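Structure first, commentary second.
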Amino acid sequence: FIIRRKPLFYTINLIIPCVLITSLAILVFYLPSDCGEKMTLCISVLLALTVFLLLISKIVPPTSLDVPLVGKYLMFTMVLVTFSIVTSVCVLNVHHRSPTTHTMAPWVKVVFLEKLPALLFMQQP
Amino acid sequence: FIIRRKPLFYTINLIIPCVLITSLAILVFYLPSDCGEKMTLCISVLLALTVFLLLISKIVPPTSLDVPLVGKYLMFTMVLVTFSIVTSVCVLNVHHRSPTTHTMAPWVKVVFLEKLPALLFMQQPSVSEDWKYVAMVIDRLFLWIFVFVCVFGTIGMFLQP
Ligand SMILES: [Ca+2]
Ligand code: NA
C-alpha cells in the first residue's frame, strides 16, 4: 500500500510556526544591550523551540533508522539558541563595564575598536 | 527476555534539552547586576529543569526501588540552581547599596576589596562603586565554586553510559 501524505495541513500548522520561531533566533544580536530584554527574547525562543521539538516527536517519533529533518532542524536551532544565550550573557557582561571596575587591555583596544569594526563596516564615529 | 532499549528517541527528546538547559546553570554568576535580568535567567533554568524532571517522572514507573541517574542529576542541578537563585538575590541586594542607606564595615573592606580579589585574580583598577565591586567579587567567588561543583557533576553523569 504505497500512500503519499497530503502535506498542506501539517505544512500550515507546524512548518510555518517553526520557521517563524526560528527566524527570531538571530534578533538577539541586533537588540541593544541597554534595552535590558536580551535574556527574555532568547529564553522565549529556546522555550518555543523545545516545545515544538517535543510536539514533533509526539507526532512523528524519531528513531535510529531515521530522524525527521524538521526535528533535526529544530534541534540544531536549539543548540544555536543556547549558544546565543551564552554569547548574550558575555556581551551583557562586557557592556556593563567601567574604568572604576575594569581596565581595558591594549590588545582589546587595537582589536575591537580599530580592526574588527573595519571588517564589519562600522567605523566608530 | 533480555531486551535493550534503542536510546535515540529519548536521547533527542530528554538528554540533549536537559544538558542544554544545565549548561546555562552557571551563567547567572557572570551576568552583571545592572542588566536587571539575573532573576529571569536563573528562574527560567530552575523551572525548565523542574519541567523535565516531571516529564521523566511521567515516563518511568512510579516504583521506589531505584532512582534514574538522569533524575538524580536533574535533582542535583535543581538544588544547585536554587542555591544560585538565593545567591543572586543576595548579590543584587549587595549591589544596590549606597552610602546614604548602608555603612560598609571595615572587615568588609579588608576582605572583599583587598584579599578576595587577589585570590580570584580580579585586580580592582565613589563608595557606591565599592558596593558594586563587592557584589562583583561575591558572584565571581560563587562562579568558581559552581564550576568546580558542576564540573565534578560530570563524573556522576559519566558512569551512566
Ligand atoms: Ca527590566
Ligand atoms: Na512563561
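One-based numbering along the chain as shown.
How was it done? The header gives electron microscopy, 2.9 Å.
Positions of Cβ are set from backbone N, Cα and C atoms, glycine also.
Swiss-Prot lists B:34-38 with the feature topological domain 'Cytoplasmic', giving experimental evidence as the kind of evidence. As annotated by Swiss-Prot, topological domain 'Extracellular' applies to B:56-69. Summarising the annotation, Swiss-Prot assigns transmembrane segment to B:12-33, B:39-55, B:70-94, B:139-158.
Counting only same-chain residues 6+ beyond the ends of the transmembrane segment (B:12-33), those with a CB under 8 A from a CB of the stretch are 41-42, 45, 48-49, 52, 55-56, 70, 73-74, 77, 80-81, 84-85, 87-88, 91-92, 95-96, 132, 135-136, 139-140, 142-143, 146-147, 150.
Secondary structure of the topological domain 'Extracellular' (B:56-69) per DSSP (helix as H, G, I; strand as E, B; remaining residues coil): 5 helix, 0 strand, 9 coil. Break the topological domain 'Cytoplasmic' (B:34-38) down by DSSP state and the numbers are 3 helix, 0 strand, 2 coil. With a cut-off of 8 Å between Cβ atoms, the residues of this chain six or more beyond the topological domain 'Cytoplasmic' (B:34-38) that come close are 28, 88, 91-92, 95. If you look at the topological domain 'Extracellular' (B:56-69), the same-chain residues 6 or more away from its ends with a CB under 8 A from one of its CBs are 10, 14, 156-157, 159-160.
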